[PDB]
Amino acid sequence: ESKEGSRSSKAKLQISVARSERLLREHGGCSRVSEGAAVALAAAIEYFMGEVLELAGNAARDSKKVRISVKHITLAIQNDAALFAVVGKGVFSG
Amino acid sequence: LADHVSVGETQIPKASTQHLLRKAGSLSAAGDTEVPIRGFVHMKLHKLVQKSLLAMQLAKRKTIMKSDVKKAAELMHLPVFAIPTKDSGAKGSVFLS
Amino acid sequence: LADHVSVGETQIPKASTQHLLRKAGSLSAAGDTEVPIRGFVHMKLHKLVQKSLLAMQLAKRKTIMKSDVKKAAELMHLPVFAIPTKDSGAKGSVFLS
Amino acid sequence: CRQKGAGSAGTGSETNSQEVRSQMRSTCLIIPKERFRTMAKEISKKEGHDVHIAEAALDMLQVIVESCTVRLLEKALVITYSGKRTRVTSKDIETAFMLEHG
Amino acid sequence: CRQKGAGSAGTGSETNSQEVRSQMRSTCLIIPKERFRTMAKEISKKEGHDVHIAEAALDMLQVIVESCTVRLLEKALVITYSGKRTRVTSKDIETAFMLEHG
Amino acid sequence: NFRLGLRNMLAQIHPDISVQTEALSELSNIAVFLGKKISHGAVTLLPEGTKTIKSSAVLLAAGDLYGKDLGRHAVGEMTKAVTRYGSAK
DNA sequence: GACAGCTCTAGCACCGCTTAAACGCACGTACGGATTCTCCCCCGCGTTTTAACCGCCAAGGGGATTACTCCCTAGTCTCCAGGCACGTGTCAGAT
DNA sequence: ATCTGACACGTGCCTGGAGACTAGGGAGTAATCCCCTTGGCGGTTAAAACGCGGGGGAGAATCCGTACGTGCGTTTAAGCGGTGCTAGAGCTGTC
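Residues numbered from 1 in each chain as written, not as in the entry; some residues may be left out. Chains lettered and ligands numbered in written order. Heavy atoms only, no water. Residues with missing side-chain atoms left out of burial classes, pairs and counts.

Structure determination for this entry, per the PDB record, employed cryo-EM and reached 4.5 Å resolution.

> Would you mind going over the overall build of chain D in detail, with residue names and values included?
Along the backbone of chain D there are four helices and two strands. In summary, chain D has a C-alpha radius of gyration of 17 Å against a globular reference of 13 Å for 102 residues, an excess of more than 25%. For chain D, the spread of C-alpha atoms along the principal axes amounts to about 50 × 40 × 20 Å. For chain D, long-range pairs separated by at least 24 residues make up 40% of all intrachain contacts whose partners lie at least 6 apart in sequence. (Helix = DSSP H or I, 4+ residues; strand = E, 2+ residues; numbered from the N terminus. Rg over C-alpha atoms; globule rule 2.2 N^0.38 Å. Contact = heavy atoms within 4.5 Å.)

> Give a description of the packing of helix 2 (residues 34-58) of chain B against helix 3 (residues 55-82) of chain E that names residues and reports values.
Between helix 2 of chain B and helix 3 of chain E, the shortest axis-to-axis distance is 10 Å and the interhelical angle comes to 135°. Taken together, the axis directions place helix 2 of chain B and helix 3 of chain E in an arrangement best described as oblique. The chirality of how helix 2 of chain B crosses helix 3 of chain E is right-handed. Residues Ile37(B), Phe40(B), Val41(B), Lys44(B), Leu45(B) and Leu48(B) of helix 2 of chain B pack against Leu61(E), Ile64(E), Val65(E), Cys68(E), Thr69(E), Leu72(E) and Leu73(E) of helix 3 of chain E. In terms of residue class, the contact of helix 2 of chain B with helix 3 of chain E is made up of 11 nonpolar, one polar and one charged. (Axes fitted to C-alpha atoms, helices over the stretch in contact; angles between N-to-C directions. Parallel < 35°, antiparallel > 145°, perpendicular 65-115°, else oblique. Left-handed = near helix turned anticlockwise from the far one by under 90°. Nonpolar A, V, L, I, M, F, W, Y, C, P; charged D, E, K, R; others polar.)

> Please give an account of the interface of chain E and chain B that cites residues and values.
Taken together, the contacts link 56 residues of chain E with 56 residues of chain B. Between chain E and chain B, roughly 5,600 Å² of surface is buried when both sides are summed, and carbon and sulfur atoms account for 72% of that area. Where chain E touches chain B, the interface holds one salt bridge. A salt bridge links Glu9(B) to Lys46(E); its shortest N-O distance comes to 2.9 Å. For the side of chain E that touches chain B, the secondary-structure elements that each account for two or more residues are helix 1 (16-23), helix 2 (33-44), strand 1 (52-53), helix 3 and helix 4 (90-98) of chain E. The greatest single-element share of the side of chain E that touches chain B, amounting to 17 residues, is contributed by helix 3 of chain E. Counted by class, the side of chain E that touches chain B contains 31 nonpolar, 13 polar and 12 charged residues. Bridging between strand 1 (residues 63-64) of chain B and strand 1 of chain E involves two bridges; their strand directions are parallel. Considered in strand 1 of chain E, the bridge of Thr63(B) is made with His52(E). (Buried area = accessible area lost by both parts, 1.4 Å probe. Salt bridge = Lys/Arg side-chain N within 4 Å of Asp/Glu carboxyl O. Pairing = 2+ DSSP bridges.)

Structure (C-alpha cells):
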C-alpha cells in the first residue's frame, strides 16, 4: 500500500519489475505468474549485474579509461571464476 | 574438417587461417593446418545457414534477417550477446573487420 | 577433481575406479588415477543431489523420488532414457550391480 | 556386479587384457549399491538433514553417474593416445575435464 | 581488420611473437567481409535460389563463426601442450573437434 | 531490454564511469538471457500438479544456476527484496 | 493466418581509386622424429581381511488420496507519464 | 597537439505501466490408508586391499633432416564512396 512510485521503486530495485515479469510470463512456460515471482526475478538479475558492473568498472579504471567497453566487460568475466561458469557458453563478441 | 572443403568454392584465405591461430595463443603453426581450419569455418557456416534458411521459409520471406540468424543461434543452444543494432559500426566495434 | 576428495567422508573403493577405466577401454592406468576418478564422481553426485534436493524441497516432500531426479537430470540438458519402473532389475538390467 | 540375477561377465582374478573384452559385454553397474547409498545420503546430510532416498531414485542416480564417468574416461584415453602413450595418467584426465569445462 | 575505423592494433608486417600480443589487444574480426558474404550466398544457393542476405545478419553470422573457431583452437592448443609439443598440427585440431562431437 | 536500468546502476556504483553504447546493448542481452535461464529453471523445478510460479520457485532456481558463494548471497538479496515489497504494497 | 496493395528502407552492383594485405621465394635455425639406455612402477599371482548382498524379518514415516476453505490473480475498464526515437552540441580517445 | 563522430542532452508522444472490482481456480491445510524405507542379523563369499618378484612403458640424452619463422618483392582483391535501381520487408484491411 504505497502508490508513490512503480513496482521497482516499491522494492527499491533499479531493474524494472514490469519488464522482468514480461520475460517470465511471456516465455511460454506457465499460465499463471504470481506477484512475488516478478519481484524476485528482478532482484536476481539486479544483484549479479551489479557484480559484473563492479568488476568491469575496476578493469576500466585500471586501464586508465573512463568508459566501459566490450573488452573491459570481457576481461572482467574470466577474472572471476564464479561469474565465468554462468556465461561460459556465451558468445562474447568474437 | 578433414574433407568438408571442395574444389570449386570460395574459401578462407591462408593468411586469415594463420591469424585465427594467433588469437588462440599458438606460437607455432604447421603448414597443413589450413585444411582443417577451412573445413571448420565452412562447416559452421553450413550449419548456421541451413538452420536460418528454414526459419526464413516458415516466415514466408526471401531475405535472411537478423531475427532468423538469432533463432538459428538459440536452436543450437548457443547464447549470443552480440546483437547488431542500427548504431553498429561506430568505433572499434566487434562486428567490423 | 584434484581436490574434490576429502578425508573423513566415504568414497569409491580403489578397485571400482579401475573398473571404470576398463569400461572405457584403457589398458594401462597410473597409480595416481584414483584421486581424479573419486573426485569426478563425488562432484557429479554433489551436482545431482543439489538439483534433486531443491526439487524435493519446493514440493514440500521429504523423500527424493524418481520424479525429483528426472527434473534434476534434464535441468542439466542431459537426456536420460533409463527411467526405472516397478519391473526394473529383472534378469539382466541396466540398474543391477 | 554383486547383486542377484545376472549382468556379470567374468570373475576369478581375471587379467587386465581380458577385462576390456569382458566389460564391453556386460550391462550392469560397477559401483556397489550400499556404498552408493551411503555416499548419496552423505551429500544430502551436509545440506539438509533427515532425507530419505527412494530405491528407484538410487538406480537412476547411479546410471547417470557412470555414464558421465565412462564418457570422461573415454575422452581421457584419446588424449593419452594423442601423446603417443598407452598409459592413462593423472594429467590426461585433468586435461580431458578441462577441455569441456574451462 | 581492413574495415575503416576499426581497432585493428596491428602495424603492417609483424613477427610471430608480436602477433600474439597484438591479436590479444584487438576486438575486430579477422575474416574479410566480402569473402564472407561470397561464402554466405554460395552455400545458401544450394538450398534456396536467389536469397538476399542482410548486412545485419552477416555481422551476427561472422561473430558466431569467429568465437566458435577460436574456442576450438584454444582447445586444440591444450592437446598440443599436453603432448609436450609446441607446434599445433592437423591431428591436434581434428582431435579437439572429435573430443566434443563424436 | 534493460538499457536504462543498467545505466542507472553504473551511476550508483561508479559515479565517474560511463559505458559504451555497444557495451550497454551487450549487458542488456546478458540480462534477457539471465532472465530466460532462471525462468526456464523455475518452470522445470515446479511439480506437475502446480501450475503457477511463486517467489519460492525463483529463489530455488537462482540457487541451482549460481554456484557456491554466489548462490548463497543470491537468496539473501532476493528474500530482502521480497520482504521489502511485502511491507510496502 | 492467407491474400492484395501501397509505401519506402535497404541490399545488390559497379566503377574509380587506394592501398593495406595476401602469396611466393630464398635463407637459416629450431624442433620433432629416431635411436639407445636406464629407471621405476604397474600388471600378475597368492593371501587375507572385510563388507556388499541374499533372505527374511519387523516398525513405522511419510507418500497418495480426498475434502474443505480461502488468497489471489487473469480479466476488463480507466487513466497517465516515462522511456524511446530524432536531432544536435562537444569532448574521450585514436593518431 | 588535432580531429571526430559517438555519447550526453533536450524535446514529442503514445504505448507501456499502474490502479480498482470480480470471481473462479488453484494453493494450502488436515485426516486417513498403507506402500515403501530404514535397520539389521546369520551367513556368503565374491570382491577389495595388501605384499612380492619381474618386465614394459616412460623419461632423458644425442643427432639430424626438413619443415617453418622471416625479410623481401610481387601480385591480387577488399574496402570507401558514391552512385543508382529496384527486390522485397512493413503495415494496413478483409474474411
